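One structure is given here, and the rest of the page talks about it.
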Amino acid sequence: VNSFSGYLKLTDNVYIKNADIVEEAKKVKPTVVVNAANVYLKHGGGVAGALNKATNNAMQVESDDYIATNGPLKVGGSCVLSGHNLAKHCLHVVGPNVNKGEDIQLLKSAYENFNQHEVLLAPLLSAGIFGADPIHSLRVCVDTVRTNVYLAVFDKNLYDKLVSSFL
Ligand SMILES: O=C(O)C[C@H](NC(=O)c1ncnc2[nH]ccc12)c1ccc(Cl)cc1
């Protein structure tokens, strides 16, 4: 039993809800919130910009130190950093950006990072400003993640389409 509330159950292990991931994190304080990161951990916009703003830029400060030490992530890769005021940990996951021409097959590799954590709050990877079809992202999620994932879909219109078309 966990504190996630109001989710629709898509599968044994995948759940979905129309919610702002920022507001959801402040309420649940999950062990792991997933960020829709880029390889540079530059959290300028999208989900990443929203999460970072909610941390008063502390996420960005920590991220800049991480990059200065370790260099950029790989597309499809991830790192665990602090969750600041939003969660215990933030799993920064880099899905491919279609608006950068990156291979959508890398989306499955990106979701595989979720399997290292028993429970996560997460967005649909590669959706939004990353350019991928969110219906495809939800499918890859369900077919790749085996741990318990609570998806927040910010757009109510997108949420209803994801649910109504979910196979
Ligand atoms: O679920 C959605 O609609 C799409 C989602 N976007 C957000 O979560 C979002 N975007 C902008 N401002 C925001 N403020 C609070 C949340 C939020 C998204 C998913 C993957 C990527 Cl790669 C990029 C964006």
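Heavy-atom basis, side chains included; hydrogens, waters and symmetry copies ignored. Numbering of ligands and ligand atoms starts at 1, following listing order. Along the sequence shown, the residues carry numbers beginning at 1.
Near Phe130, the atoms of ligand 1 lying under 4.0 angstrom from a non-hydrogen atom of the residue are 21 (C), 22 (Cl). Within the listing of ligand 1, atoms 13 (C), 14 (N), 15 (C) sit less than 4.0 angstrom from a heavy atom of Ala50. Ligand-side atoms of ligand 1 in range of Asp155: 3 (O), range being under 4.0 angstrom from any heavy atom. For ligand 1, the atoms sitting less than 4.0 Å from at least one non-hydrogen atom of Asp20 are 14 (N), 15 (C), 16 (C), numbered in the order shown with element in parentheses.
Given atom 19 (C) of ligand 1, the protein heavy atom at minimum distance is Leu124 O, 3.2 Å. Closest to atom 21 (C) of ligand 1 among all protein heavy atoms lies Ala127 O, 2.9 Å. With respect to atom 12 (N) of ligand 1, the closest heavy atom belonging to the protein is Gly46 O, 3.9 Å.
In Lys53, the NZ atom is not crowded: 12 or fewer heavy atoms of neighbouring residues, nucleotides or ligands sit closer than 6.0 Å. Around atom NZ of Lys42, no more than 12 heavy atoms belonging to other residues, nucleotides or ligands sit under 6.0 Å away.
Neither the backbone nor the side chain of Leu158 comes within 4.0 Å of ligand 1, counting heavy atoms alone.
Side-chain atoms of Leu151 and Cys141, non-hydrogen and from C-beta on, do get closer than 4.5 Å to each other.
An N or O contact shorter than 3.5 Å links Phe154 to ligand 1 by distance.
Smallest separation of non-hydrogen atoms from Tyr15 and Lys9: OH-NZ, 2.8 Å.
A centroid separation of less than 6.0 Å is found between the aromatic rings of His92 and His43.
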Passes side chain to side chain contact (heavy atoms under 4.5 Å, CB included), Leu125 versus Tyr111? Steps please.
CA-CA 8 Å; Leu125 300 173; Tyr111 274 117; 3.6 Å; yes

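Across the listed options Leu162, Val47, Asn157, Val47 owns the non-hydrogen atom lying nearest to atom 10 (N) of ligand 1.
For the residue pair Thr144/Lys108, the side-chain donor-acceptor check at 3.5 Å is satisfied.
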